[PDB]
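Reviewing the structure listed below.
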Amino acid sequence: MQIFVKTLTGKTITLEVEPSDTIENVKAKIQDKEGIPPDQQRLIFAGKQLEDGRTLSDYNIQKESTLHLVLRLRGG
Amino acid sequence: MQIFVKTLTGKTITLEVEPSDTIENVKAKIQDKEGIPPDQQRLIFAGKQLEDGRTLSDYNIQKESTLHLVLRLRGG
Amino acid sequence: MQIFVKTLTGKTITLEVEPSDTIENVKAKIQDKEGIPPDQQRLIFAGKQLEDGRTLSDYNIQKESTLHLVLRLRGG
Amino acid sequence: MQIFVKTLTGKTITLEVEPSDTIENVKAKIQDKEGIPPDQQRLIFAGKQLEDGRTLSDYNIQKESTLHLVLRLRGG
Amino acid sequence: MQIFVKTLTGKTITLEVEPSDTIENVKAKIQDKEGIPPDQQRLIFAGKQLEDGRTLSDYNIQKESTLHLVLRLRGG
Amino acid sequence: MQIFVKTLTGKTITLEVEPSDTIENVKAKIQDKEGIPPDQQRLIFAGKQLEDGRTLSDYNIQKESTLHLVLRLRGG
Amino acid sequence: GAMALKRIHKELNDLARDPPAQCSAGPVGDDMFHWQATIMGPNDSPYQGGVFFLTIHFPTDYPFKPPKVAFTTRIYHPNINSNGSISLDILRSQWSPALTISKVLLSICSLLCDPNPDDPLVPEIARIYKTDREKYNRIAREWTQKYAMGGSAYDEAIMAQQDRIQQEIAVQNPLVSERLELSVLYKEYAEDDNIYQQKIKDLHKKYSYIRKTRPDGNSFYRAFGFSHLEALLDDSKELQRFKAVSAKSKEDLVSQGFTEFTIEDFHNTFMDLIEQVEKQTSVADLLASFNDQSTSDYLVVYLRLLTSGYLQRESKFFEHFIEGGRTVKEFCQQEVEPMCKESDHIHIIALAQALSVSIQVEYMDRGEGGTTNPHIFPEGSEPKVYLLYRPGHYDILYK
Amino acid sequence: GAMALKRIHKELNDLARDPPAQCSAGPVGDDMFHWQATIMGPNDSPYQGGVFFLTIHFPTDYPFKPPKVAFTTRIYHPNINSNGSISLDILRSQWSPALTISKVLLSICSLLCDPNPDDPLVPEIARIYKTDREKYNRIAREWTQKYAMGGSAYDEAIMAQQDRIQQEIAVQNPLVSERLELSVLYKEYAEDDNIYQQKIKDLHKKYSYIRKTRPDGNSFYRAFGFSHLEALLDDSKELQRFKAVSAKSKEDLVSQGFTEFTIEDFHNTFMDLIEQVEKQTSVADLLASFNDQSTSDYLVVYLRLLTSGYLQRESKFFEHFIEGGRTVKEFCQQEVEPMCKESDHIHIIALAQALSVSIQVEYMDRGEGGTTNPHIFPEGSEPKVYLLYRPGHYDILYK
Amino acid sequence: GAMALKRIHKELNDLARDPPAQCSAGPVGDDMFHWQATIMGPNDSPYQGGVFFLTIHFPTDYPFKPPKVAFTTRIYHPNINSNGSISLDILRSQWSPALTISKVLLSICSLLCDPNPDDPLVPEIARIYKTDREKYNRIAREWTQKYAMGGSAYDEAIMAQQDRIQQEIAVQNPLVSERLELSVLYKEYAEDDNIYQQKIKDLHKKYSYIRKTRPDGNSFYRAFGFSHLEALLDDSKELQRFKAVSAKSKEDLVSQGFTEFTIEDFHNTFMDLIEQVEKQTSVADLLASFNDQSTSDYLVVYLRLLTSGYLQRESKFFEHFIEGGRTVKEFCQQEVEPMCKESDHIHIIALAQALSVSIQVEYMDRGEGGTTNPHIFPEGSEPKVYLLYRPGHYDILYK
């Protein structure tokens with residue numbers, strides 16, 4: 001069970017996850033890789049916004065799905 | 001001590017608790033009266049979303065304080 | 001008998017005048033307030049350019065009319 | 001001494017004056033012949049608009065000099 | 001037998017040549033005047049590009065024709 | 001020694017020369033067989049255009065080397 | 001695409017309805033999706049006295065995406081980088097399709113008087129403003145003095161002022177009003193004012209009707225033109241002569257050094273206006289022509305051109321009739337040829353002699369008697385066209 | 001002119017066919033001859049993380065002359081001057097008419113990863129790169145950090161990301177699907193997943209059919225609207241009341257401070273949608289209306305506006321029901337009024353009370369039983385409109 | 001209004017009528033209200049050798065308001081700030097509606113040679129110029145050297161030069177002349193020139209008629225194409241084979257790495273030209289096709305593409321036949337694919353082998369005899385298409 005997440009550049013990250021993993025947990029792994037703080041992250045699967053406190057299994061994210069990392073930028 | 005929780009539908013519910021009762025425990029106590037499963041509940045005390053792990057006195061919820069019940073229901 | 005004159009900014013000045021007052025006299029009061037020399041001033045009431053040597057009464061400027069201060073800038 | 005004043009209409013008028021005669025006095029003397037009220041008159045001697053207070057020898061108007069009569073008439 | 005060559009500015013140079021003169025010879029005279037190295041020169045008569053090793057007579061350049069100096073600029 | 005020269009039309013011509021023979025001489029020897037005047041000829045040996053003054057051993061053309069004949073023909 | 005454009009037009013309509021004096025914006029030339037905003041430094045700011053330009057690019061899909069807005073003028077401010085990007089979030093995440101570009105505009109105008117060191121775009125300026133306000137105000141004033149005060153800017157600002165003014169004037173009066181009983185003049189003046197009211201009595205003696213014109217600066221040429229065409233709306237021969245001299249006038253002008261292709265259009269509008277009057281149409285139709293913006297204005301331009309032409313032609317005659325050291329052609333280039341410049345007696349005589357026609361003007365200011373004295377100048381003629389002069393303004397009079 | 005324009009259209013078609021993720025370009029608003037290119041700093045560059053903008057001006061005669069292309073964003077590079085001019089020669093002497101603007105684009109994108117110190121535009125940078133690469137990479141990274149990373153650029157980039165995402169989503173699902181047997185849901189989930197499959201069994205108990213909507217962020221408003229109109233596709237009086245309250249709603253909104261002319265169009269689309277249902281047309285026709293982009297979207301906008309309106313009207317009631325320190329109007333401006341923002345329970349109750357209508361929602365996530373519990377909220381009513389909630393997404397249910 | 005646009009078109013017509021060599025301006029791509037001016041530093045200036053760009057924005061209401069004009073190129077001058085604003089007042093207060101943008105242009109061009117320290121925009125530069133002229137000239141020259149001399153402008157300038165040149169050439173000769181008796185050639189040369197005249201005698205021996213083409217750089221492809229189609233204007237089978245190979249040629253090219261959608265249009269023009277000849281129309285009609293700019297040019301482009309295609313296909317054959325160290329594909333990208341580049345022997349053989357057709361060329365320069373020698377190259381074939389080569393130029397010959 002591994003997942004794929006595309007960033008703004010078109011760059012793809014690969015992640016080691018389980019269907020029962022929290023979304024914020026995933027955001028945390030992405031932080032461990034790229035360095036983007038979790039709160040600056042907004043994740044999207046199949047057009048759906050992923051709540052921090054839910055699990056991959058809740059959103060029907062199966063093996064080798066493709067996620068999206070959209071950065072919410074502070075309004076400056 | 002007893003507590004108040006106002007649903008978004010306008011309804012108000014009185015609950016029987018103690019300062020050491022966990023949030024999850026309270027959500028269960030709401031499921032008893034209103035039949036709504038805990039994982040579908042998000043309750044707010046004064047602008048702050050309450051996390052399941054914490055107790056009542058953790059958030060400084062005293063006698064006769066008023067909570068606010070909202071359903072999970074985030075979609076688009 | 002008091003008059004209103006809008007500047008370039010949309011800023012409005014209030015002035016104490018009489019219908020028999022000279023236009024250059026008014027330009028002089030405006031100089032006393034803002035500091036704009038009279039010759040740098042061009043006054044407009046109801047789309048009409050106001051001659052320096054005439055009187056308010058000549059131009060039909062009644063109580064609480066609205067004038068316009070347009071600055072003729074030296075051509076540099 | 002006597003003087004010349006050319007109207008803009010092409011007409012030329014001869015006037016009876018003396019070097020100490022004021023401009024207003026002369027404008028009156030023009031009102032006599034041509035019937036035009038003084039306050040409607042602006043007369044120019046060699047590019048310079050003559051002010052009502054001054055005399056003739058003030059502007060160095062000698063014998064047989066030529067003035068130029070124009071009406072007030074400024075509008076838009 | 002003298003020739004005319006217009007530069008980029010619209011500036012016209014006059015040159016002393018003979019119909020049997022080489023094109024590179026002409027480019028050389030232009031170098032002697034303006035200071036433009038021959039290799040930076042591209043000459044045009046009647047829309048035709050002039051080969052370095054040919055003669056004016058080859059291109060039908062008669063007395064008082066008009067040439068064109070277009071500078072090939074190094075690509076930087 | 002004898003030499004080879006390939007025309008652009010696909011034809012191949014064998015010539016009788018010696019290392020001290022000038023390029024112009026060779027172009028004449030080509031005019032003999034193919035009837036093409038020398039000044040209309042540009043021949044290339046290994047990417048390098050041969051100048052009329054030089055000899056064969058100048059360009060290091062050995063026994064059984066292959067030249068390439070192209071016509072002048074530059075226009076537009 | 002389509003609905004986006006339509007919407008942009010609606011927004012421009014709204015912004016034109018209630019014009020802001022301090023901050024306005026509008027399309028650049030032809031382009032509807034490219035606007036330029038002119039916002040004035042608010043008084044009681046450090047930015048006071050400055051003029052700041054913005055560029056506005058409407059996305060091809062609108063209102064659904066917010067407009068892209070940025071300062072071209074450099075400005076010192078915690079929420080605006082020297083790159084020019086504005087940091088308020090109704091332009092980014094908080095944008096509703098129901099919002100107007102006007103709301104955005106005064107959102108920025110508001111952002112000037114009251115900055116936002118909460119969520120700063122420029123951390124350093126934020127720090128300065130939040131801690132030492134002296135330095136902030138001083139620096140900001142210096143930056144205004146440098147970048148916002150240039151000799152480009154002030155021209156644009158004043159241009160905007162003028163446009164606002166005669167837009168209000170435009171919505172107030174039409175270019176040429178319908179024929180009016182001059183009793184209406186009684187309303188224009190206070191009962192407190194006796195002298196004017198009685199001069200209106202005296203004017204009521206001589207003339208039955210009055211036709212008002214816009215106080216746009218061109219009022220003399222507008223009135224003169226309209227009344228003089230309406231005069232030949234009947235007379236058979238006068239129309240012919242007028243048409244002839246007006247036709248030759250173009251050639252005279254071109255020969256006088258005016259570039260033909262430019263004045264050709266204006267001449268065309270003029271001759272077309274003579275054409276509507278050629279075979280008589282009721283006054284209301286040519287009036288309808290005169291109330292069209294560009295037609296009327298083109299006519300005004302041509303009349304000014306004629307004025308300047310005859311002025312320079314006879315130049316050694318008028319040369320001593322002008323105040324100042326200006327030559328005659330300089331006077332033409334300054335006080336006559338350009339639009340919206342006020343006209344004087346010299347202009348009237350010049351235009352009259354240019355078209356070879358008669359004019360009478362009733363001067364009404366402050367009389368010793370109620371008498372408002374007439375002025376007829378071709379000398380001693382019998383003019384059939386009458387104008388009312390009040391200070392700063394010309395109108396048409398009908399006997 | 002003609003063929004140049006046609007060609008430009010062809011090139012845009014080709015570039016749209018196989019979109020580059022890193023470097024894309026397109027027309028600015030209306031103008032076909034003016035394009036803006038967004039090219040991303042390639043990873044394993046110094047330019048990594050940066051976003052660089054280009055302007056592209058197609059000559060009036062095209063393809064015969066090459067397009068004029070230049071960086072608006074400042075960049076450190078031997079082949080690009082701080083003036084912005086790009087020094088590769090397919091843009092100057094080597095340009096064939098057979099070349100595409102795409103070729104140019106990836107020619108530049110290639111020029112980034114692999115510069116060209118052979119024929120340098122900027123001699124100094126060339127020297128630095130050719131000799132000391134450390135300094136080059138460091139400086140280039142700093143320049144990227146300064147000029148290419150601004151809070152503008154990034155907005156545009158992320159905008160592009162979003163657009164790509166819901167373009168893929170768009171080609172995946174239609175805005176509103178045809179009425180479907182909900183057995184199809186069985187396909188959406190793995191056989192490995194038992195709990196969901198059995199909750200689908202339990203959902204199959206209660207409801208016969210399902211109608212899917214696009215996961216575009218507006219799915220709730222879209223579903224709610226469609227199903228609630230389709231509900232009055234028959235009922236005679238309900239259509240009347242709904243039409244009445246929806247008609248008054250505009251006036252309430254305008255009176256609530258919304259600018260009328262903007263919301264007028266959206267209101268019009270709404271009322272027209274009520275008009276198609278007024279005299280009953282088969283569900284397929286109003287569905288055909290809902291599958292048009294801008295019509296459906298306009299409707300969504302209006303529903304959001306109603307939501308915000310009633311939210312602010314009753315504001316002191318909802319005030320304590322919202323997480324965070326935001327006021328109610330701030331919550332409206334952020335989480336409701338703008339498009340594509342997710343909707344919550346508060347939104348549903350608000351819209352329901354706004355139109356005074358009944359709603360039932362079937363919550364399906366992970367059950368202790370197979371039971372998917374209903375929620376009916378007007379309190380204790382008898383709702384004829386049913387919606388299926390799955391996490392992150394709303395759908396329509398038919399009993 | 002739209003009269004503004006019409007006027008702008010008139011002004012562009014006037015500016016095109018009498019083109020200034022030093023300072024010209026014109027619209028940017030599609031936009032009529034946005035122009036770019038290219039003004040050259042006048043000789044006997046400090047600004048000599050420099051190229052200065054201006055932007056011109058015509059107000060939506062024109063001529064009534066003056067155009068907004070500013071230098072994009074930085075310049076040292078008392079009347080122009082580094083902000084770019086020009087300080088002459090025909091652009092501000094003195095603007096008449098009768099003025100032309102050309103007048104403005106040479107007003108600025110005049111402002112360069114003769115500045116105006118009377119009413120300075122930049123007080124310091126004014127002081128320097130008025131007091132020490134040495135320093136002024138030196139500094140101004142340095143500023144020219146820096147800002148105005150960049151590798152970006154010079155391209156545009158030279159582009160303009162080229163355009164002027166083949167515009168004159170265009171008005172001189174048509175793309176393809178009518179069939180002419182070659183006695184006309186006698187007129188082209190002086191009686192002083194014996195050798196050429198007698199070579200014309202010798203050419204008169206072999207050929208009856210001559211058809212001239214434009215010396216635009218494409219003359220070979222133009223002539224080759226026209227004469228080779230006109231050749232199959234009768235022959236039944238040759239038209240078929242030519243059509244077949246020309247049809248397959250597109251697929252070969254696309255397969256060779258050329259982007260299809262670009263070359264598709266050119267291929268279409270080619271095949272349409274074969275279509276006009278398919279069912280025979282008189283030579284005059286296809287000639288009428290060849291005298292249309294873009295049709296003929298599109299054909300030329302395709303012929304160049306074929307040339308390059310077969311050149312790269314057989315590349316290891318031609319590889320040693322090219323001067324310089326260039327590879328074959330580089331040679332194609334440089335000396336063949338782009339328009340207006342001169343063609344050589346290699347091009348002729350390549351195109352001939354590409355279409356599999358026969359060609360004969362009569363070389364006429366300076367003979368030892370009057371003899372102008374033929375060249376037939378497919379080797380030893382019997383060519384029905386004849387061309388006249390004179391140095392720098394190709395023409396068609398008819399026996």
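Every chain in the structure tokens takes a letter, A first, then B, and so on in the order presented; its residues are numbered from 1, and the ligands are numbered from 1 following the presented order.
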
Distance filter 6 Å, only C-alpha atoms, chain H against chain E, as a PDB file with N, CA, C and O atoms, in the first residue's frame:
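The result, stored in iface_33.pdb:
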ATOM      1  N   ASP H 119      27.716  31.387 -27.034  1.00  0.00           N
ATOM      2  CA  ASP H 119      27.318  32.672 -27.585  1.00  0.00           C
ATOM      3  C   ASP H 119      26.474  33.381 -26.534  1.00  0.00           C
ATOM      4  O   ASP H 119      25.244  33.352 -26.590  1.00  0.00           O
ATOM      5  N   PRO H 120      27.145  33.994 -25.545  1.00  0.00           N
ATOM      6  CA  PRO H 120      26.512  34.609 -24.377  1.00  0.00           C
ATOM      7  C   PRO H 120      25.866  35.950 -24.672  1.00  0.00           C
ATOM      8  O   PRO H 120      26.438  36.765 -25.392  1.00  0.00           O
ATOM      9  N   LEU H 121      24.690  36.175 -24.099  1.00  0.00           N
ATOM     10  CA  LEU H 121      24.064  37.490 -24.126  1.00  0.00           C
ATOM     11  C   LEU H 121      24.622  38.381 -23.020  1.00  0.00           C
ATOM     12  O   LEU H 121      24.697  39.600 -23.159  1.00  0.00           O
TER      13      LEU H 121
END

Quick one: which chain A residues come within 12 Å of stretch 195-212 of chain H, and what is the nearest atom pair for each with the distance in Å to one decimal, counting only C-alpha atoms, rows ordered by chain and ascending number, as a tab-separated table?
residue	atom	partner	partner_atom	distance
A:57	CA	H:196	CA	9.6
A:58	CA	H:196	CA	9.2
A:59	CA	H:196	CA	10.8
A:60	CA	H:196	CA	9.2

- prompt: What residues in stretch 295-388 of chain G get the DSSP label helix (DSSP H, G or I)? Please answer as a PyMOL selection string.
  reply: chain G and resi 295-313+315-321+328-335+345-355

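Atom CA of residue G:227 lies 12.3 Å from atom CA of residue G:274.
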
Over every C-alpha pair, in sequence order, do a least-squares fit of chain F onto chain D and save the fitted chain as a PDB file with C-alpha atoms, in the first residue's frame.
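Saved result, selection.pdb, follows:
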ATOM      1  CA  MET F   1      -3.518 115.909 -26.691  1.00  0.00           C
ATOM      2  CA  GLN F   2      -5.944 113.611 -28.511  1.00  0.00           C
ATOM      3  CA  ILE F   3      -5.886 109.814 -28.800  1.00  0.00           C
ATOM      4  CA  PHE F   4      -6.855 106.865 -31.023  1.00  0.00           C
ATOM      5  CA  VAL F   5      -8.726 103.707 -30.055  1.00  0.00           C
ATOM      6  CA  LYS F   6      -9.423 100.903 -32.543  1.00  0.00           C
ATOM      7  CA  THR F   7     -12.386  98.607 -31.897  1.00  0.00           C
ATOM      8  CA  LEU F   8     -12.187  94.932 -32.817  1.00  0.00           C
ATOM      9  CA  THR F   9     -15.027  95.489 -35.301  1.00  0.00           C
ATOM     10  CA  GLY F  10     -12.589  97.552 -37.368  1.00  0.00           C
ATOM     11  CA  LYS F  11     -13.881 100.946 -36.264  1.00  0.00           C
ATOM     12  CA  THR F  12     -11.524 103.698 -35.116  1.00  0.00           C
ATOM     13  CA  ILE F  13     -12.431 106.360 -32.556  1.00  0.00           C
ATOM     14  CA  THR F  14     -10.719 109.645 -31.701  1.00  0.00           C
ATOM     15  CA  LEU F  15     -10.813 110.855 -28.097  1.00  0.00           C
ATOM     16  CA  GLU F  16     -10.082 114.096 -26.251  1.00  0.00           C
ATOM     17  CA  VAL F  17      -7.801 113.552 -23.263  1.00  0.00           C
ATOM     18  CA  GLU F  18      -4.821 114.755 -21.244  1.00  0.00           C
ATOM     19  CA  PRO F  19      -1.840 112.779 -19.827  1.00  0.00           C
ATOM     20  CA  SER F  20      -3.328 112.869 -16.298  1.00  0.00           C
ATOM     21  CA  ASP F  21      -6.660 111.308 -17.293  1.00  0.00           C
ATOM     22  CA  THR F  22      -7.431 107.995 -15.590  1.00  0.00           C
ATOM     23  CA  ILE F  23      -8.241 104.820 -17.524  1.00  0.00           C
ATOM     24  CA  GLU F  24     -11.749 104.687 -16.059  1.00  0.00           C
ATOM     25  CA  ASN F  25     -12.249 108.271 -17.214  1.00  0.00           C
ATOM     26  CA  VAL F  26     -11.264 107.272 -20.746  1.00  0.00           C
ATOM     27  CA  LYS F  27     -13.571 104.242 -20.685  1.00  0.00           C
ATOM     28  CA  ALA F  28     -16.355 106.656 -19.757  1.00  0.00           C
ATOM     29  CA  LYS F  29     -15.321 108.874 -22.678  1.00  0.00           C
ATOM     30  CA  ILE F  30     -15.667 105.786 -24.884  1.00  0.00           C
ATOM     31  CA  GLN F  31     -19.095 105.090 -23.406  1.00  0.00           C
ATOM     32  CA  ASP F  32     -20.112 108.578 -24.513  1.00  0.00           C
ATOM     33  CA  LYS F  33     -19.356 107.990 -28.193  1.00  0.00           C
ATOM     34  CA  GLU F  34     -19.948 104.240 -28.618  1.00  0.00           C
ATOM     35  CA  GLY F  35     -22.510 103.637 -25.853  1.00  0.00           C
ATOM     36  CA  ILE F  36     -20.575 100.747 -24.283  1.00  0.00           C
ATOM     37  CA  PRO F  37     -20.561 100.645 -20.443  1.00  0.00           C
ATOM     38  CA  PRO F  38     -17.057 100.842 -18.855  1.00  0.00           C
ATOM     39  CA  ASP F  39     -17.200  97.541 -16.933  1.00  0.00           C
ATOM     40  CA  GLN F  40     -17.684  95.744 -20.263  1.00  0.00           C
ATOM     41  CA  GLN F  41     -14.503  97.275 -21.663  1.00  0.00           C
ATOM     42  CA  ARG F  42     -10.984  95.920 -21.743  1.00  0.00           C
ATOM     43  CA  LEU F  43      -8.556  98.153 -23.613  1.00  0.00           C
ATOM     44  CA  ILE F  44      -4.999  97.259 -24.560  1.00  0.00           C
ATOM     45  CA  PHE F  45      -2.068  99.524 -25.313  1.00  0.00           C
ATOM     46  CA  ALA F  46       0.814  97.608 -26.898  1.00  0.00           C
ATOM     47  CA  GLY F  47       0.098  94.162 -25.478  1.00  0.00           C
ATOM     48  CA  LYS F  48      -0.657  95.444 -21.977  1.00  0.00           C
ATOM     49  CA  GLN F  49      -4.123  95.454 -20.405  1.00  0.00           C
ATOM     50  CA  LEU F  50      -4.738  98.826 -18.761  1.00  0.00           C
ATOM     51  CA  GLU F  51      -5.877  98.890 -15.130  1.00  0.00           C
ATOM     52  CA  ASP F  52      -8.661 101.295 -14.139  1.00  0.00           C
ATOM     53  CA  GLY F  53      -6.712 103.149 -11.448  1.00  0.00           C
ATOM     54  CA  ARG F  54      -3.759 104.325 -13.518  1.00  0.00           C
ATOM     55  CA  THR F  55      -3.535 107.495 -15.615  1.00  0.00           C
ATOM     56  CA  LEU F  56      -2.470 107.869 -19.260  1.00  0.00           C
ATOM     57  CA  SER F  57       1.112 109.030 -18.696  1.00  0.00           C
ATOM     58  CA  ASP F  58       1.442 106.090 -16.300  1.00  0.00           C
ATOM     59  CA  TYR F  59       1.435 103.717 -19.271  1.00  0.00           C
ATOM     60  CA  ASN F  60       3.434 106.249 -21.313  1.00  0.00           C
ATOM     61  CA  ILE F  61       0.611 107.040 -23.705  1.00  0.00           C
ATOM     62  CA  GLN F  62       1.717 110.068 -25.707  1.00  0.00           C
ATOM     63  CA  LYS F  63       0.027 112.276 -28.283  1.00  0.00           C
ATOM     64  CA  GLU F  64      -1.660 110.356 -31.119  1.00  0.00           C
ATOM     65  CA  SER F  65      -1.025 106.894 -29.631  1.00  0.00           C
ATOM     66  CA  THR F  66      -3.369 104.047 -30.589  1.00  0.00           C
ATOM     67  CA  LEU F  67      -5.356 101.951 -28.106  1.00  0.00           C
ATOM     68  CA  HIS F  68      -7.324  98.766 -28.784  1.00  0.00           C
ATOM     69  CA  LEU F  69     -10.851  98.115 -27.505  1.00  0.00           C
ATOM     70  CA  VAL F  70     -12.080  94.600 -26.749  1.00  0.00           C
ATOM     71  CA  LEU F  71     -15.247  93.527 -24.901  1.00  0.00           C
ATOM     72  CA  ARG F  72     -15.157  91.486 -21.666  1.00  0.00           C
ATOM     73  CA  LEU F  73     -17.107  88.556 -23.114  1.00  0.00           C
ATOM     74  CA  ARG F  74     -15.160  85.590 -21.699  1.00  0.00           C
ATOM     75  CA  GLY F  75     -17.249  82.436 -21.529  1.00  0.00           C
ATOM     76  CA  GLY F  76     -17.644  78.732 -22.189  1.00  0.00           C
TER      77      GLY F  76
END

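The backbone trace of chain H, superposed onto chain I over all C-alpha atoms paired in order, deviates from it by an RMSD of 0.3 Å.
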
query: So which bits of stretch 3-72 of chain B end up strand (DSSP E) when you DSSP the backbone, as a PyMOL selection string?
result: chain B and resi 3-7+12-16+41-45+48-49+66-71

task: Counting only C-alpha atoms, collect the residues of chain I whose closest atom lies at most 8 Å from chain G, and write them out as a list in words.
output: residues 1, 7, 10, 11, 14, 31, 32, 33, 34, 57, 58, 59, 60, 64, 85, 92, 93, 94, 95, 96, 97, 98, 99, 100 and 121 of chain I

What lies within 12 Å of residue I:272 using only C-alpha atoms, ignoring chain neighbours under 4 positions off, as a compact mmCIF listing (two decimals) with N, CA, C and O atoms, in the first residue's frame?
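This is the output file result_39.txt:
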# COMPACT_ATOMS: atom_id res chain seq x y z
N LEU I 229 4.72 23.47 -62.40
CA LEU I 229 3.27 23.23 -62.45
C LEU I 229 2.72 23.54 -63.84
O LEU I 229 1.94 22.76 -64.42
N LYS I 243 1.34 14.60 -58.37
CA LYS I 243 0.34 14.70 -57.32
C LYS I 243 0.51 13.60 -56.29
O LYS I 243 0.38 13.83 -55.08
N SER I 246 3.82 14.19 -54.26
CA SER I 246 3.62 15.38 -53.44
C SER I 246 2.69 15.08 -52.28
O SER I 246 2.83 15.65 -51.19
N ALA I 247 1.72 14.20 -52.51
CA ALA I 247 0.81 13.77 -51.45
C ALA I 247 1.51 12.91 -50.40
O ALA I 247 1.29 13.09 -49.20
N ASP I 265 -0.97 23.19 -43.43
CA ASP I 265 -1.51 24.32 -44.17
C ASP I 265 -0.73 24.54 -45.46
O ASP I 265 -1.31 24.77 -46.53
N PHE I 266 0.59 24.49 -45.34
CA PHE I 266 1.47 24.68 -46.48
C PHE I 266 1.25 23.57 -47.51
O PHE I 266 1.15 23.83 -48.72
N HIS I 267 1.15 22.34 -47.02
CA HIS I 267 0.83 21.20 -47.86
C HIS I 267 -0.50 21.43 -48.57
O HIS I 267 -0.64 21.12 -49.75
N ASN I 268 -1.47 21.98 -47.84
CA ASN I 268 -2.78 22.28 -48.41
C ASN I 268 -2.70 23.29 -49.55
O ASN I 268 -3.34 23.11 -50.59
N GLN I 276 -5.56 23.38 -59.08
CA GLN I 276 -5.88 24.35 -60.12
C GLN I 276 -5.34 23.88 -61.47
O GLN I 276 -5.90 24.19 -62.52
N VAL I 277 -4.23 23.15 -61.42
CA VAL I 277 -3.61 22.62 -62.63
C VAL I 277 -4.18 21.25 -63.01
O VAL I 277 -3.97 20.78 -64.13
N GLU I 278 -4.90 20.63 -62.08
CA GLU I 278 -5.41 19.28 -62.27
C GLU I 278 -6.30 19.19 -63.51
O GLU I 278 -5.91 18.59 -64.51
N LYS I 279 -7.47 19.80 -63.45
CA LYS I 279 -8.25 20.04 -64.66
C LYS I 279 -7.73 21.36 -65.19
O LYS I 279 -7.84 22.38 -64.52
N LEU I 286 -3.52 30.26 -62.79
CA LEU I 286 -2.55 29.78 -61.81
C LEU I 286 -1.48 30.85 -61.58
O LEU I 286 -0.93 30.96 -60.48
N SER I 289 -2.90 33.03 -59.16
CA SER I 289 -2.68 32.43 -57.85
C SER I 289 -1.28 32.73 -57.32
O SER I 289 -1.11 33.03 -56.14
N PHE I 290 -0.28 32.65 -58.20
CA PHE I 290 1.11 32.86 -57.80
C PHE I 290 1.44 34.32 -57.47
O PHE I 290 2.48 34.60 -56.86
N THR I 295 -0.44 32.96 -50.63
CA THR I 295 -0.56 31.67 -51.30
C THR I 295 0.80 31.25 -51.85
O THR I 295 1.32 30.17 -51.53
N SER I 296 1.38 32.13 -52.66
CA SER I 296 2.70 31.91 -53.25
C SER I 296 3.73 31.64 -52.16
O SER I 296 4.48 30.67 -52.24
N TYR I 298 3.28 30.61 -49.05
CA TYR I 298 3.01 29.31 -48.43
C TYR I 298 3.61 28.19 -49.28
O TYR I 298 4.27 27.28 -48.76
N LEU I 299 3.41 28.29 -50.59
CA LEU I 299 4.02 27.32 -51.51
C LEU I 299 5.54 27.27 -51.37
O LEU I 299 6.13 26.19 -51.27
